[PDB]
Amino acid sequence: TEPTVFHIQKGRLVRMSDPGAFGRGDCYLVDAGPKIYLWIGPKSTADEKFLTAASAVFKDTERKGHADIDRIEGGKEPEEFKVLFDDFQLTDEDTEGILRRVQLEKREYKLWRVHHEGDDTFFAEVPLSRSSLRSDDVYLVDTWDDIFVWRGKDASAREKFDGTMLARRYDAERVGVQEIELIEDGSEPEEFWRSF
């Protein structure tokens, strides 16, 4: 238990009073003098991995680069590493990370007008309002997790085609499945009106 161990916890290095237990959901920086070990838990998140690596470079730089940095994968520790501690122990401890899923309030949804009349074609942001829904065009409501494509009763087949393709590309650029709901002018479900 001779090396100094820092437990990464919610964006900070916390020096462990009594090191030796390592949780599979977390990361640890182990300062063993001429050697600095990154201990990367197999269930840890990117924010924890990042702080460990960045902190190891800082500590090495503080000692003018004179330490060797080794990366340890949690659960596959070499014999060299386990023997540094009185009682090395692998646990299921997982401190929650600092990153949060993207969330939009309703005042943050965006509304897009889709127009296509011959070679007169464009997309264009418009104000988020029921007033903007024209019955001769197509409109996209972006709520982040759900994309509604509202097709006016008088919109062209080309505008409906374009609106769905644009919605597909929004879903493609956002990790995780975003639901695309095709909505018809005059039969809007309650879920759609709530976005206004």
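Start at 1 with the first residue shown and count on from there.
With 66-74 and 130-138 compared on mean CA B-factor from the PDB entry, the stretch scoring higher is 130-138. Taking the PDB entry as given, 29-37 carries the higher mean Cα B factor of the two stretches 29-37 and 161-169. When the modelled residues of the chain are ordered by C-alpha B-factor, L84 sits in the highest third. When all modelled residues of the chain are sorted by CA temperature factor, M16 is found within the middle third. Ranked against the other modelled residues of its chain, the C-alpha B-factor of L104 as given in the entry falls in the highest third. The deposited CA B-factor of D60 belongs to the middle third of values across its chain.
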